[PDB]
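**Student:** Residue 1 is where the sequence shown starts when you use PDB author numbering, and the numbers rise one by one after that.
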Amino acid sequence: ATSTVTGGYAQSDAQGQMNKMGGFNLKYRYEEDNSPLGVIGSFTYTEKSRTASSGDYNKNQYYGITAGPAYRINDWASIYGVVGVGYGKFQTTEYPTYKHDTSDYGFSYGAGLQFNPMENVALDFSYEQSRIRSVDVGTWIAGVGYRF
Numbered sequence: 001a002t003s004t005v006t007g008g009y010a011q012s013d014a015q016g017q018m019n020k021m022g023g024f025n026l027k028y029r030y031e032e033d034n035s036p037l038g039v040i041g042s043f044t045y046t047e048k049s050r051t052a053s054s055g056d057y058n059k060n061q062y063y064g065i066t067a068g069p070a071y072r073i074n075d076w077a078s079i080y081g082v083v084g085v086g087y088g089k090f091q092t093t094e095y096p097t098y099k100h101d102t103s104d105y106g107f108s109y110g111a112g113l114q115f116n117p118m119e120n121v122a123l124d125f126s127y128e129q130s131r132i133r134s135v136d137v138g139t140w141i142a143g144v145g146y147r148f
């Protein structure tokens, strides 16, 4: 009741001399009447398969937490806007100790369309933009969920 479970897949665009990335997203939503908006929170984790040479594989991970108000249109015209914080960090494989890891945060903004009936048959699609340092992020997500 008054809860939603959605899972989706994200693809992130690569800048020249780089590779694409994949992300998994989980979302929770609260059910609200017309006059208060619905609250959605999403957690995203980025992953990349190992690359040639074991010197640098899946070293970099990205974490993002976003929150925003959904507006429910009875037609398939629903509008959601969300803002989050995303950061990247390098983690040690296990034993090889070194002091080269770095961390940086950026602000992401996204918008999506939503059409939902009861049960799993509700779908949402959103695009997210990360603000432009020497690498710029473009992410498209598609998720499916159910309510109560």
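Note that the Cβ used here is the ideal one computed from N, Cα and C, for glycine as well.
With three or more C-beta pairs closer than 8 Å as the rule, is the segment 109 to 118 touching the segment 45 to 59?
**Tutor:** no
**Student:** Suppose you measure from the CA of residue 110 to the CA of residue 103; what does that come to, to the nearest Å?
**Tutor:** One-based indexing of the sequence shown puts residue 110 at position 110. One-based indexing of the sequence shown puts residue 103 at position 103. The straight-line gap from Cα to Cα measures roughly 22 Å.
**Student:** Within a Cβ cutoff of 6 Å, which residues of the same chain sit near residue 145, ignoring the five residues on either side of it in sequence?
**Tutor:** Mapped onto the sequence shown, residue 145 falls at position 145. For residue 145, where only same-chain residues beyond five positions count, the Cβ hits under 6 Å are 4, 5, 6 and 122.
**Student:** Tell me where the beta strand (DSSP E) around residue 21 begins and ends.
**Tutor:** For the purposes of this step, residue 21 is taken as residue 21 along the sequence shown, with counting starting at 1. Element bounds for residue 21: 21 to 29.
**Student:** Indicate the three-state DSSP secondary structure (helix, strand or coil) for residue 156 in the structure shown.
**Tutor:** Residue 156 lies beyond the range of the chain shown here (1 to 148); nothing can be said about it.
**Student:** Given a cut-off of 8 Å on the beta-carbon distance, is the pair residue 42 and residue 137 in contact?
**Tutor:** In the sequence shown, counting from the first residue as 1, residue 42 sits at position 42. In the sequence shown, counting from the first residue as 1, residue 137 sits at position 137. Result no, Cβ atoms of residue 42 and residue 137 do not sit closer than 8 Å.
**Student:** Based on the DSSP output, what are the partners of residue 37 in its beta bridges?
**Tutor:** Here residue 37 refers to the residue found at position 37 when the sequence shown is read from its first residue. Paired residue(s): none; residue 37 is not in a bridge.
**Student:** When the Cα atoms are used, what is the spatial distance from residue 73 to residue 26?
**Tutor:** Numbered from 1 along the sequence shown, position 73 holds the residue referred to as residue 73. Numbered from 1 along the sequence shown, position 26 holds the residue referred to as residue 26. Each residue's alpha carbon lies about 22 Å from the other.
**Student:** With residue 89 as the anchor, note down where its beta strand (DSSP E) starts and where it stops.
**Tutor:** Translated into the one-based positions of the sequence shown, residue 89 becomes position 89. Unbroken beta strand (DSSP E) run through residue 89: 78 to 90.
**Student:** Have a look at the DSSP bridge pairing and note the partners of residue 137.
**Tutor:** Counted from its first residue, the sequence shown places residue 137 at position 137. The partner list for residue 137 (beta bridge, DSSP) reads 130.
**Student:** Mind reading off the beta-carbon distance from residue 62 to residue 88? Whole number of angstroms is fine, and I expect it under 8 Å.
**Tutor:** Residue 62 sits at position 62 when you count from the first residue of the sequence shown. Residue 88 sits at position 88 when you count from the first residue of the sequence shown. Rounded to whole angstroms, the Cβ separation of residue 62 and residue 88 is 5 Å, and the two are in contact under 8 Å.
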